[PDB]
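Two forms of the same protein chain are encoded below as structure tokens; each is given separately, as structure 1 and structure 2.
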Structure 1
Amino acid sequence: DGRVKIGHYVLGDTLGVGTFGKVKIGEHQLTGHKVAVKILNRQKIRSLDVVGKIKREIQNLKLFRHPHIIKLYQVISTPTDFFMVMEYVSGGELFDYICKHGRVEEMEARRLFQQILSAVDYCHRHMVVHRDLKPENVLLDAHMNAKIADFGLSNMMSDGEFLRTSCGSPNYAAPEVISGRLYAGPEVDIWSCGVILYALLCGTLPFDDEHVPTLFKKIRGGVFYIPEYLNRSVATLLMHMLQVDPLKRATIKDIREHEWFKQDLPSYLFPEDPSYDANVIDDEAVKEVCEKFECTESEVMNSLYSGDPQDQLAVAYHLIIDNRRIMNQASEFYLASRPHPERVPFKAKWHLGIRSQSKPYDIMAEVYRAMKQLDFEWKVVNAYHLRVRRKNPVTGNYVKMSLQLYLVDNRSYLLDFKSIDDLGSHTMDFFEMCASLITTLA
């Protein structure tokens, strides 16, 4: 009668509070079906200026189709609030499971980590980084399956771009995150996954202290105790995943190649595996069939879920899947690893942009002088970051370029050159614009 209802679901007890908004349990008034409703206050989003962050979060969750990421069914909009109707999991937090059992057994800990990394890899392949991975954000269902949830601190991955934001709990944050340094960000998740793996097997944090600067010193140092009950195999995996240097730090491919992770690993969690192509849907292939056959996505699915595999739409999808597999298997043909015949003919080392020992203020003045000589026009978005433009006299098109000053060491400084993409040649236009400024500056 007086029940608080949204889209046939009665709102109940608060499950918890995340990065943005509150999460409550939603029971269906007729069936009793349970959902998790994330309430986002429109005024709170406008006040915090996170309209773009929420927009990307909804877009990603609507696109994401993984058995280890919380599914978003729908998002009901009201003149004051946003109601994100999500998938409900009874088991709750992974953090609460670790505390209840003390230590998660190797058989279960490996199984859970494989499910977590499967979800993390899906995010990375879709150019999305979670940045807040912890057992508090990793949920469990009735069948004990891992599910990642809070995409509040998540961000997009762009070509030649870096993420600076500092996100998540200090105990799970990477050394570059706490230091406020720039990062690619796939690596940051690996560090977080490394802490979760230690927390699952040990029941404690590898970097934990009452004093915040002492805790930060432990993360930057990268020194953590490895208990006697842990075998040498998982110990080396935790060490490789928890590396101070992001370059020396393990990648998903490195974790997938590890002997401990390989054990009892299902062939459907990761791409290129035996039972992946026959059980997991490929989003890029469905869109390719939809434009070729001039039909909807639901009709392509109906042909795949049908009794006969010889169905017109199903065979066209698998032809793309088969062709992709042949090309993916022949790694030596597409990527570099008796000598090669072409190598019978064959060193100067390459470097990034221009290096300078001069004062940062003096370097700026040299760039502004050089651009003027070349008649470049620029946008001064930041003190050390510029967006320069030049109109080509032959092609009659503008050439966009991004200038950024970096600190190599205590005495060295670097000027970075980056191409911006919206007859000639776009790449040649970038090189010629670079060559003009390099000659003028030196």
Structure 2
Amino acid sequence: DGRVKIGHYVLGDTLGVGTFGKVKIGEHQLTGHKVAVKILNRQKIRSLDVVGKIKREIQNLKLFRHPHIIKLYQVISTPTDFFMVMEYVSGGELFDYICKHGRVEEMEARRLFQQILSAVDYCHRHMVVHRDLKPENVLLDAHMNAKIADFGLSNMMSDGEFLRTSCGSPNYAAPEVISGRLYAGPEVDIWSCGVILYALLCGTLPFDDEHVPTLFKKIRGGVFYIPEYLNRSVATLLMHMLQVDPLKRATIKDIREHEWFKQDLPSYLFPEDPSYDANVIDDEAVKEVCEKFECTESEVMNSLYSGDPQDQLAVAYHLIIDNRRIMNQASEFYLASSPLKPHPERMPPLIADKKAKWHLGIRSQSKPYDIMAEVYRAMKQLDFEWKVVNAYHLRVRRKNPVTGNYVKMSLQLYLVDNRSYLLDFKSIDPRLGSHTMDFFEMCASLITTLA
């Protein structure tokens, strides 16, 4: 035979090598249908101890169904390797497109950017940050539609957790990423999108230098040149996305509200737009249907993609989405407005005889090792047990004598300013008691016994 076959696909040439894995083109032995096959070595995953990372990456791609994210069709497992059969796009990298053309004409740049952002928002809503967004990782189909690829550097956004992994291209990396600081995730993907927008419009990078230390300094500085051919509208958008201070940086909500972004925006791209629910699957609603009935996710999707309109599963699915729309359009009933006729239950302020401010954890001016020695002596006095994660990070435990359950919390020491420190308290995860009450009581007893 001679050819190399996996599934019904004959493997051809390498498309490229990503952050982790080798990508080859695959061609269907009967139809000639083309796929992109990502090969992952089992032994490499074991030796690098990244089994969980790969498991989640596969779980995420199996779940994702966005028109602007490369789709995972199947994964073929063998004794030595995993073969991820994915959607193939013939247009190649957005990178090469920007190089072929000079820069991209405003209308087509806007349209490609809207598609990239749509894909990035969908990731964030599913609690995933890409972390390696760049024109080389944005692929084009035969109709010039954008598709984000390579989730090799991606990570999960976990509750109460920060990311540190300094990863990706330096030209596309946010000031906090190149600085080795802790970051949330979404703001880091927003910065990269700012760089991609600048590249589409200008055909050049906003921060570039052959000498890496100068480049890093240019990024940290945030000074970049906005050409004259770029209108005042798009320039304000660029300036807001490429803010050095992550707290002042544009969010996807800020971008979606921007006049330049709203122009000619197709209605299927974001969840609150008219055509989104008709085209993009709601994974949570599919799960509700599987629960309410007793079916597979595929059984739900099949009645949607090729079923009858009156189908029991499709009816159930659309009723969840219709109800969700009612709720989503009564936004002031579910969330607080930013600072009309006052609400009838608005309380008058408490008269004295001053607005008190909430603060995070507890602060100390003492030396780090002296703060830690004080936490160790207060913990033993309270009969708390612990695990040292590192010098400034402990996992602490205590048994509730009434409910019998163990109570767990994480302690992190942080630097605030010059010799100003902060000790952070974070809950981990009671039926008989309350999990939140247990966390507050453990905290209160440690704060109280601390010097």
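Numbering runs along the sequence of structure 1, starting at 1. Whichever C-alpha set is largest while still superposing within 1.5 Å between the two forms counts as the rigid core.
- 279 is the only residue from 236, 179, 279, 263 whose Cα shifts by 2 Å or more between the two structures, the rigid core being superposed.
- For residue 408, a C-alpha deviation below 2 angstroms is recorded between the two structures after rigid-core alignment.
- In the core-superposed comparison between the two structures, the C-alpha atom of residue 45 has shifted by at least 2 angstroms.
- Core-superposed comparison between the two structures: the CA of residue 105 stays below a 2 Å shift.
- Comparing between the two structures on a rigid core frame, one finds that residue 302 has its C-alpha moved by 4.6 Å.
- For residue 10, the Cα deviation between the two structures after core superposition amounts to 1.6 Å.
- Relative to the superposed core, residue 29 has its Cα moved 2.0 Å between the two structures.
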